[PDB]
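Trainee: Numbered by PDB author numbering, the letters in the sequence shown go through residues 3 to 120, 187 to 225, 264 to 339, 388 to 760, 794 to 1040, 1073 to 1155, 1214 to 1716, 1722 to 1756, 1774 to 2103 in order. Sharing a structure here in structure tokens format.
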Amino acid sequence: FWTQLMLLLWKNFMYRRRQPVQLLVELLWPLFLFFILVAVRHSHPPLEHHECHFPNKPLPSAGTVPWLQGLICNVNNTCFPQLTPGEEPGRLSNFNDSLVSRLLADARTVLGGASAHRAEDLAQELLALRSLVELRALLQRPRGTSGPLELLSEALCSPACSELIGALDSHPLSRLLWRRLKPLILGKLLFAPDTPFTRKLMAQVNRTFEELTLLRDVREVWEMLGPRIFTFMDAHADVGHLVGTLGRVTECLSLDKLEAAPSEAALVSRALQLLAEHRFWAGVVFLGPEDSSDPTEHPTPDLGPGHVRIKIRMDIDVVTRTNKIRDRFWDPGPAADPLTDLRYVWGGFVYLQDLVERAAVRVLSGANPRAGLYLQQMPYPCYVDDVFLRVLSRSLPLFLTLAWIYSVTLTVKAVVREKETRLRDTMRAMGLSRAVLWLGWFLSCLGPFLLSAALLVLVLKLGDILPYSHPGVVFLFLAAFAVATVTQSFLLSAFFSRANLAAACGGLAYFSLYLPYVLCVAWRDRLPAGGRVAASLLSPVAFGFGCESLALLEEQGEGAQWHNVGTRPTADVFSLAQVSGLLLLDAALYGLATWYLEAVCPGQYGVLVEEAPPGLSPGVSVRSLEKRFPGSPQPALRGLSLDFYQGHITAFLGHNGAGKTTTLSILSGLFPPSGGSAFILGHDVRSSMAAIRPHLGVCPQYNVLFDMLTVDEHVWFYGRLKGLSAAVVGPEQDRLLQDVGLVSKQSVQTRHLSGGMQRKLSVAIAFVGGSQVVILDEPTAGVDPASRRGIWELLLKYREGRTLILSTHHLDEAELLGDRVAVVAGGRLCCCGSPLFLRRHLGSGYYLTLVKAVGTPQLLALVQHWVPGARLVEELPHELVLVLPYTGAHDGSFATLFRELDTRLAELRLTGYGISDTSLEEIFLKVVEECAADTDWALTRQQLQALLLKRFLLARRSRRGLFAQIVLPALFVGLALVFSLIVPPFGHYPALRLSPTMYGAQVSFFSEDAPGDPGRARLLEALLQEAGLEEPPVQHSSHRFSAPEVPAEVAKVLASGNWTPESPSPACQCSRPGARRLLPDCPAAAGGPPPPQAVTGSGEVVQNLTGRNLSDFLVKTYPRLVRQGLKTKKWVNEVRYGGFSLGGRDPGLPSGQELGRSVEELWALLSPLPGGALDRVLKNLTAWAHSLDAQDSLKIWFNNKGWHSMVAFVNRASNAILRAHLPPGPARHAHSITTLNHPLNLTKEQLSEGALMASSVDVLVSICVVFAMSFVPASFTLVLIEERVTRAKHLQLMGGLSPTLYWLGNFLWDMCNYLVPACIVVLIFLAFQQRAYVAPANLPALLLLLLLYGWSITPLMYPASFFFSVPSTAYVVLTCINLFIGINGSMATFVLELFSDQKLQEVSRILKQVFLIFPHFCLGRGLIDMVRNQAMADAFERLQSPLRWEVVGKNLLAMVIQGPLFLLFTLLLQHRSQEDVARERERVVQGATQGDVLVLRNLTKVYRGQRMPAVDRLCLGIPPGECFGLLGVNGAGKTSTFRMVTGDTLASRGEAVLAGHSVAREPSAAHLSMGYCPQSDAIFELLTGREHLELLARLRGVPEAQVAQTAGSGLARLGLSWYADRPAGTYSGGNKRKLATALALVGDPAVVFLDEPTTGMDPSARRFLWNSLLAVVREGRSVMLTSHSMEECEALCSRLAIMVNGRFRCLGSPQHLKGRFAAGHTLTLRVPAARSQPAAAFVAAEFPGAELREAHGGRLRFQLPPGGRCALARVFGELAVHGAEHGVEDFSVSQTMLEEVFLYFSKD
Ligand SMILES: Nc1ncnc2c1ncn2[C@@H]1O[C@H](COP(=O)(O)OP(=O)(O)OP(O)(O)=S)[C@@H](O)[C@H]1O
Ligand SMILES: Nc1ncnc2c1ncn2[C@@H]1O[C@H](COP(=O)(O)OP(=O)(O)OP(O)(O)=S)[C@@H](O)[C@H]1O
Ligand SMILES: *[C@@H]1O[C@H](CO)[C@@H](O[C@@H]2O[C@H](CO)[C@@H](O)[C@H](O)[C@H]2NC(C)=O)[C@H](O)[C@H]1NC(C)=O
Ligand SMILES: *[C@@H]1O[C@H](CO)[C@@H](O[C@@H]2O[C@H](CO)[C@@H](O)[C@H](O)[C@H]2NC(C)=O)[C@H](O)[C@H]1NC(C)=O
Ligand SMILES: *[C@@H]1O[C@H](CO)[C@@H](O)[C@H](O)[C@H]1NC(C)=O
Ligand SMILES: *[C@@H]1O[C@H](CO)[C@@H](O)[C@H](O)[C@H]1NC(C)=O
Ligand SMILES: *[C@@H]1O[C@H](CO)[C@@H](O)[C@H](O)[C@H]1NC(C)=O
Ligand SMILES: *[C@@H]1O[C@H](CO)[C@@H](O)[C@H](O)[C@H]1NC(C)=O
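This is how it looks when you write it as structure tokens:
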């Protein structure tokens, strides 16, 4: 059991070692992919980012100075690691060291002090002020700045406008700020409705800009107070310079920047016009509830007024996209980038929403609410950003499968190859169980897999791809994967019966099972938990599911290790060990599947007796052996009771189908006997089992050798397997090697270098165990007769002792070697015995014939006198045949009769006698039928016409296939167009209702500071009851404690620490220690320790958090909220989006009443102006001082990952304020405000880019058209490939056909066939009303493009007919290649077009400039280009043409240029090719006979590497009036000479001339008069035979009116009347041969060539061929016939030439040969002594001529000079003594037998 496994493993290792280039490629292919992966890793290392905090943004409602301060200082949005002062519940401002704030505080305190006082005291107070000094220093600055923006930033933290432009264009930061401010400074507010209510709303919009325009009055009062004081009496210059600077800034002010529009269409037109001038900024639409014109939204929520809907339309390049709520790829980032994401800050959307909402509340409420709104960004933890790990999670299975596709292909190829040559059956014959075979396969294939896995593990660990992990677990994963994939490859090898088919399908079967993993990862959340395990039954799917868990565990900073093998890293991911368990279960299931499937198709591979020897020792005793198959009710083998005997070489006789090899397999260990017994050596076959193998040898009818192992390893392997010991193999090896004469070959150790002799070696293998019984099976099945002598010598060498049982098809072989013969025919035995006994039992006797150049009764009386027995069988004139009695036949009587007849020859006028001994052939036949009975220019026009007709009939023969290949794609396209009538989603921007409720269930805040006020209490009530909470606040007091219970294990930790809310209460948080990377921060159990009070309303949770830290709580709690949905990381639903803090502390000085009183007192005094301008200024100042209190504020925290959170929460705040200031009652339900977002249409320049991303249905239609359009050329080319496989094409070429004209005819017919599908597609497009195609300016372009693409595509794959030789696979491969090329081109172009965000891809347009050289992509590009150009034209002017040579003209021109070059290439590819014997050779050399039709001279062929000429130095001459014949054994070179003379092949040396026209010098006239007939059937099965006949008739040039009549003649000479109507496909075996003969004969060629015209068909067919050839030979025409059957050559031909080894031998007429050497007699002696000298000596002494023939041990034949003067009897009497003189049992004489010419044919 172990020795067989060792031998199998050694053999497999030897196969692998003898291929020293496949191992290297298998090792170095998977390393390339992983080196690419390592390079990719080196390209993108992970990025690290620490914690950072964000400042606050003040809305204009809070103030104007802080507003500009924010717009000028917080533009960069830089992170700050330290906590910002704004976040703390106390402060509400960030800038405390700013000059503006200090100046305002100093002014306030000085004014308060002055008011309290009411000069020296005031001067002293103002002297100690650094802010005034800083302001004076800033005023006294000699430029030093790029522009006023820099000075404004330093202070805070028209031709004049042209000068400002010139100054500000220099500084890049000033450029950025100026770009941000340009839309808004020069803005043009527009509104559609002009009703008075809207007028009041825009009056509320006015009042802000009116407050803005107040510096003019203060300025003018300054210059009207200036000169007065100056006349009454550095500071004066500084104020004037400052005032003039202020005036210059206000010079480039829009002032009246508000405008109006009459209607929505006019609104859009005016907006686009202003965009053309770069002046448009925003537009507002006050849609009314009663209008009911709501696109994709409800008309009105409640009847009547009270609800205001407001739409803001701005430029798309400014307002963010408004289609999807969230990003599709979650990123570990704060999502705070001013340039890209923070668009609402420099876009002004929030500003205008605030302004409009405040106007609406001030109008509807009827009060003047004051509440400053601020915006804050929640802070974000420290993080590591690394996209690569998700890429591994999604990519690693792909690279692993691509690395292991190669070894799987090799494994399946090897398994199928070894199971193809039936070697497995031979191994099972010797006794090896299938289990050992499969175990050898397992352990031999599984080595390289694990070596590759180990190398991959080392690469992964060392290459930093999977660090922080222990390689042991990774290896235990890859090993399970390798086991599963090897088992599944063995399963894949169990469905195929061909080598290359299995090799090319196994890789595809392995790769096609990785797609479901992608399908599952796309809809990751869709699939439940139940279907996960069911889908993970595939091996690659399970590997992917395990790889995702491995990557997920890698993200958490601790890789795969022994600690966490059985731990699930997330609630819905497999543990790493469970995946391996499933992998092993899958491998076991695949193994069981292979085991069961191997048994699905079992079995099928895909009374005369002479028993009396001197020693009766029945070594093999088979009795009544029977077997039956279910294929036929009659048994495969019937009763066979024959008994064999040791020492005799029994043999089997029968024609193929006699069930001999079946029985020989029964006796071996391959098949089971159904009945009877098969006792070998005494013990039954099954009982012996393994007790019989050393004493039983088998050799099968197929050669059994390994193409890589040498001879010595071969004998070693086949000896050690039988039971031989390793010590005694040397002598046995040497014995067999010396016996077979391979002692030289074992020196070079080759197996595939030597051929033909290999069968000999196989025979020797049957004699390696010295087994007593040996069963051979046709040891000379196919070996050349020239080498059967060695096999005969070896088999006779081992003829003693061993029982040998063989079987041969022949009849001569069964008597040379065999000591006995039994005849089996029709699966049954008929007779048995020995050749002597078989020849001694006949109805007839021993024949004697006499010819005439006297009297029958006289000769009969003479014969009866000389011998009593005599039978008269034949009595016709000119030959008298009598039967001499075999019963009691004696030599003396025959000798006396012959001696008497010798003298009386002249008188009797006989002049010749012929004796005859019955032979084995006729007795074999007679017993076979006895057993059978007992069982029961105009010519070119006609040529093209005929070719087109034959193509049309060829198409009409196969109509269903062409119909399904042509019409079906059109119906497919039509159905695709029908089903594509749904609304196309392309990315339009609908109307979106911007409210917080769109996000869904969430958690929100209501933090409050300084709650000591009733108005703030009302505002808080509005905020809470706005979200759906219960109306009475006291109910919350009824709920009392509404918080989750604190964790018990955390209470002790809290008691350990201070736990004050102001101090950091939570414990610290883990982060990146440098040696380890964590994606989130791992949260402890104490983050924001006390669970804050939460109340749930209607799908929403509100939390208190009053008085806590807030920032710390959010930073600590965020990852806990996120992690619930990081398993898939596709659409992450953050739960906390925003919240409110009711801050109340006033950063400014609240004491503004005193300042107002002081201003009023100053207004009363100082001579107020009668006009009141100063009075109005002072009133405005008093109002500003009164409003300076800022009684209540509000801050909104928002999360930026939700795109539309800022606007939703600002809307909520405004609505809450409105509901707060409205008096209580049911009227609260009547009032509401709504805000929408709707970007405007694209401008023309914007359209020129935006039209690109509106093509999905177009892409689908183009893909469908390309897929359905690339089928026809393959259908065209399959027919040509099929006609190339058969040599019928060349048969056409000997007609009038030329290859160029054949190509032209095929091209024209395929054009005519192709013109229909294009018309069908065109009519489908026209009938289905596609505006994209039914336009009159688009139809001609589409038609021309389709027709010219079909023009160009066809000659692409015509040159491919030479490469392939089978129709179906050629069609499949060509279709797949074309579809792959088209789809890849289209996808690459569309991907580069959509993803062309960066500029270095637009130059990739040159790539398409190359694709015009590819003809398949021209149509796909042209359709898309035409569609986009025409759609742009439709959308351009309504709200240049396809025929122009700018969109499709260039592509069409390039493709029509490409058209003819492929036809030229295939036309050039077609024409790529550019003693009697001595006396007749001498007469040919000296001169040429003019009458001879064919003349040859030194005809020679030298193949490549054969080292010997197949046909060498061949000469001949054929007179026209005689039929020729060529003879030779297989391998002589007759077919090579036939091909060379016909012209299908070239000649290495020498040329043959036919009727004075050499083949090379001008082939056309040569082929005009040659009738080609090969052994193969060169016909088209689709057509009919008669149709072939008229096709050849029309090609030749027969007039049409007689062509049909010719058909009758074309059958009248060869019958064919019953088979005329039937198609050529459904005929008989000989019908094809006779049809080929008729096609050769039709047309009346001068000479007719036939290669093996008849090979064992019905006698009627050969009689008809005989008649046809006789006709053509006595009508004065010549035939060159090649055959084997000698009687046909005798009957038909008049000259015979015999050739062996490529050279003539006799070259004479049949009668000349018969008289030259086939006369006399030959003697055969049966000597058992096997001694040459005793038999040779006396024969040479008495007879001068004793030439040897087949000198073997059993028999020897004698050649002697003919024409003995004495009688023939002169030998017989001598033999009558010679039996005593020398050992001779019996004898035979062949004296002018019917087999003399046969004997010479077999002689040489
Ligand atoms: N797959 C099969 N293989 C062999 N024999 C079959 C098969 N199917 C049916 N038979 C039976 O085989 C008989 C016909 O002779 P075969 O057994 O095929 O001859 P054979 O053994 O191939 O002949 P030789 O002369 O020994 S090569 C009929 O009884 C068939 O029904
Ligand atoms: N691929 C090949 N095709 C044809 N002949 C070949 C090929 N390879 C070698 N030969 C030579 O063909 C010769 C043996 O076949 P031939 O005598 O030419 O014809 P044939 O086998 O008698 O023809 P049939 O009767 O039509 S199968 C030897 O010279 C071979 O070396
Ligand atoms: C949020 O927390 C505060 C505590 O700061 C709760 O205020 C209490 O409310 C009840 C009911 O109105 C009063 O009787 C208590 O006197 C309040 N306590 C203090 C110390 O303020 C408040 O109820 C909680 N939620 C709400 C409804 O705002
Ligand atoms: C701006 O876009 C709107 C669509 O949002 C266009 O209005 C539609 O125009 C089509 C004609 O092309 C009509 O069939 C629709 O009924 C219109 N819908 C609406 C809502 O009116 C509008 O024509 C575009 N204007 C410009 C100048 O591009
Ligand atoms: C923002 O800060 C970065 C810090 O490097 C600086 O390089 C950049 O110029 C700043 N940009 C603006 C707009 O201030
Ligand atoms: C602002 O600065 C002043 C003067 O240094 C200081 O008294 C005051 O406490 C500061 N206030 C804040 C908000 O830090
Ligand atoms: C105020 O807005 C109104 C629209 O109601 C507009 O007519 C007017 O010009 C604006 N005021 C000024 C002077 O800009
Ligand atoms: C909040 O927590 C932070 C954590 O650094 C701490 O520095 C800060 O003092 C705390 N502030 C309050 C008022 O809770």
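For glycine and all other residues, C-beta sits at the position ideal for the given N, C-alpha and C.
Excluding sequence positions up to five away, which residues of its chain have a Cβ less than 7 Å from the Cβ of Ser598?
Mentor: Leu11, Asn14
Trainee: By Cβ distance, which residues of its chain are closer than 8 Å to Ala1595, with the 5 residues on each side in sequence left out?
Mentor: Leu1620, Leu1623, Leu1624, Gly1627
Trainee: Quick check on this structure: which residue in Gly1088, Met895, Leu609 has the alpha carbon closest to the alpha carbon of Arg19?
Mentor: Selected option, being the one with the closest Cα: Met895.
Trainee: So is the beta-carbon of residue 348 under 7 Å away from any non-hydrogen atom of ligand 7?
Mentor: Between 339 and 388, the chain has no modelled residues, and residue 348 is one of the positions in that gap.
Trainee: With respect to the alpha helix (DSSP H) encompassing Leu274, which residues constitute its N-terminal and C-terminal limits?
Mentor: Per DSSP, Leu274 belongs to the alpha helix (DSSP H) from 265 to 274.
Trainee: Does the stretch 977 to 991 come within contact of the stretch 1091 to 1107, defined as at least 3 CB pairs closer than 8 Å?
Mentor: no
Trainee: Suppose only complete runs of 3+ residues qualify. What are the beta strand (DSSP E) ranges in the stretch 412 to 471, listed by chain order?
Mentor: 437 to 441, 461 to 467
Trainee: Expressed to the nearest angstrom, what Euclidean distance is found between the alpha-carbon atoms of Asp189 and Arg1434?
Mentor: 20 Å
Trainee: Can you say whether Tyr905 is buried or exposed, counting buried as having 16 or more other CB atoms within 10 angstroms of its CB?
Mentor: buried
Trainee: Just to confirm before moving on: does the CB-CB distance between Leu851 and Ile962 stay below 8 Å?
Mentor: Closer than 8 Å, so yes.
Trainee: If we ignore side chains and look at the alpha-carbon of each, how far apart do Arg582 and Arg576 end up?
Mentor: In this structure, the straight-line span from the alpha carbon of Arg582 to that of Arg576 is close to 10 Å.
Trainee: Measuring CA to CA, which of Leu29, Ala838, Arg1812 is closest to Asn1797?
Mentor: A check of alpha carbon separations from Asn1797 across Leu29, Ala838, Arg1812 identifies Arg1812 as the nearest.
Trainee: If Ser1319 and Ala1371 are in contact, beta carbons under 8 Å, what's the gap, nearest whole angstrom?
Mentor: Between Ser1319 and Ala1371 the beta-carbon gap is near 7 Å, inside 8 Å, which marks them as a contact.
Trainee: By Cβ distance below 8 Å, which residues in the same chain neighbour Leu564 in space, the five residues on each side in sequence not counted?
Mentor: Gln24, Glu28
Trainee: Beta strand (DSSP E) containing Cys1018: first to last residue?
Mentor: Element bounds for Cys1018: 1016 to 1020.
Trainee: Compute the Euclidean distance between the alpha carbons of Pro1341 and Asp618, then round it to the nearest angstrom.
Mentor: 38 Å
Trainee: Let me check you understand the geometry: is the CB of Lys1931 closer than 7 Å to at least one non-hydrogen atom of ligand 2?
Mentor: No, Cβ of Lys1931 sits at least 7 Å from all heavy atoms of ligand 2.
Trainee: What does DSSP give as the partner residues of residue 1717 in its beta bridges?
Mentor: Missing from the coordinates is residue 1717; the shown part of the chain jumps over it, going from 1716 to 1722.
Trainee: Along the chain, where does the alpha helix (DSSP H) containing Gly1824 start, and where does it finish?
Mentor: Bounds of any alpha helix (DSSP H) do not take in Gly1824; it lies within the beta strand (DSSP E) bounded by 1823 to 1826.
Trainee: Relative to the C-alpha of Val42, which candidate in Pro972, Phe97, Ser549, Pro1898 has its C-alpha closest?
Mentor: It is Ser549 whose Cα lies nearest to the Cα of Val42.
Trainee: So is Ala1223 buried or exposed if we call it buried at 16+ other beta carbons inside 10 Å?
Mentor: With 16 or more Cβ atoms within 10 Å of its Cβ, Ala1223 is classed as buried.
Trainee: Taking the alpha-carbon of residue 355 as reference, which of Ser1021, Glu1126, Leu1023 has the nearest alpha-carbon?
Mentor: This model leaves out residue 355; its place in the chain lies between 339 and 388, and no residues are given there.
Trainee: What would DSSP say about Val1323, mapped onto helix, strand or coil?
Mentor: coil
Trainee: Taking 7 Å as the limit between beta carbons, can you name the residues of its chain near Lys1800, skipping five residues before and five after?
Mentor: Excluding residues within five positions, the ones whose Cβ falls inside 7 Å are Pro1808, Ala1809, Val1810, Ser1835, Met1839, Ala1846, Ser1847.
Trainee: Between residue 1069 and ligand 5, is there a pair consisting of the residue's CB and a ligand heavy atom that are separated by less than 7 Å?
Mentor: Coordinates for residue 1069 are lacking, as the chain steps from 1040 to 1073 with nothing built in between.
Trainee: Go through the residues and name those whose CB comes closer than 5 Å to any heavy atom of ligand 3, in chain order.
Mentor: Taken from the N-terminal end onward, the list reads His1313, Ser1314, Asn1381, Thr1383.
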